[PDB]
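This report refers to the structure that appears directly beneath it.
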Amino acid sequence: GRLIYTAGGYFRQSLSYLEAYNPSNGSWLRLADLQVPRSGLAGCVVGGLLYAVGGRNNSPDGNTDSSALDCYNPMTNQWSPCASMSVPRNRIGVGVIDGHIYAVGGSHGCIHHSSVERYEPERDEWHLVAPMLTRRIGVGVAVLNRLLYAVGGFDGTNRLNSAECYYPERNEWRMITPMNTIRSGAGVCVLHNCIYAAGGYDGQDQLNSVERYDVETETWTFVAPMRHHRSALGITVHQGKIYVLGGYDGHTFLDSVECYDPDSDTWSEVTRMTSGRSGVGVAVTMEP
Ligand SMILES: O=C(O)c1cnn(-c2cccc(NS(=O)(=O)c3ccccc3)c2)c1C1CC1
């Protein structure tokens, strides 16, 4: 597309912001607020529509985990509710295959989900698929070659370095090589033939390290670390580069946006969000 959308997040409380960053000119635009504040959500795009999935409204007068799917049309600058998921999923991961949205893991109160469900926009309907082999919240999700990957997270007792892969035509999950780092609340995306995992929390510290999984060799390799340690970051890809947005560095809710160039193996600061926040949903689509 053309713009990087950041939706929701957390600073003091869950947020309703929708803001769009244009890498071509450095500008930010504030767009229509989410109908309900939410942090720990995920964003994705299907058919030029932006979707906000799951999360939690951490608010002065209560905390409510979200089963919501909400749809933002850039042409109209309007959010509309879509069909809700079977269960609330805070600290969710999502991935898109063949025009379908996969909602992965997340929490509902003390329940840590292994369940996974798939949304078909053409029918505005969710259906459960096979659950993961592991309960995962703060799970990173990516798609490569029409296979779905769930990476890291927290199973209710331990943060994880494990990862697994979903093969849709077999409706089956299989473990892949674990990462070399325990990561929960990392940013996970795909670039070229690799699954990247950036940042996260390992049980003791927020991380700046970044590693990538080559599906052909089944090995993880570290690349250059980010300039800022961060957990609960947003991540997306735009014209062959990775963008990481916000997060928590153990001291500050970051407004920093960093950009990774894989040809030079370097990170640089490219912009700042209008305010520091963590737990955003991020996706890329046309400008409004
Ligand atoms: O600790 C873990 O293992 C774990 C599992 N999922 N997430 C996760 C993932 C996404 C969002 C949030 N929430 S947030 O409101 O953005 C928030 C983050 C940091 C501090 C205060 C609020 C949390 C985490 C933490 C991030 C590390």
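Chain A is numbered as in Swiss-Prot; the shown residues are, in order, 325-612.
Cβ atoms are placed via backbone N, Cα and C, with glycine included.
Under DSSP, residues within the repeat 'Kelch 1' (327-372) fall into helix, strand and coil as 0 helix, 22 strand, 24 coil. Sequence annotations record features per position, and here Swiss-Prot assigns repeat 'Kelch 1' to 327-372.
Swiss-Prot lists 373-423 with the feature repeat 'Kelch 2'.
Residues of the repeat 'Kelch 3' (424-470) grouped by DSSP class, helix first, strand second and coil last, total 0 helix, 25 strand, 22 coil. Annotation source Swiss-Prot lists repeat 'Kelch 3' at 424-470.
Annotation for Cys434 (site 'Sensor for electrophilic agents'): same-chain Cβ neighbours under 8 Å, separated by at least 6 residues, are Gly480. Marked as site 'Sensor for electrophilic agents' by Swiss-Prot on the basis of experimental evidence: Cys434.
Taken from Swiss-Prot, the feature S-cGMP-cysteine applies to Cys434.
Look at Swiss-Prot and you will find 471-517 tagged as repeat 'Kelch 4'.
Marked as repeat 'Kelch 5' by Swiss-Prot: 519-564.
Residues or ranges marked as repeat 'Kelch 6' in Swiss-Prot: 565-611.
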Tally of helix, strand and coil residues over the repeat 'Kelch 5' (519-564) according to DSSP?
0 helix, 21 strand, 25 coil
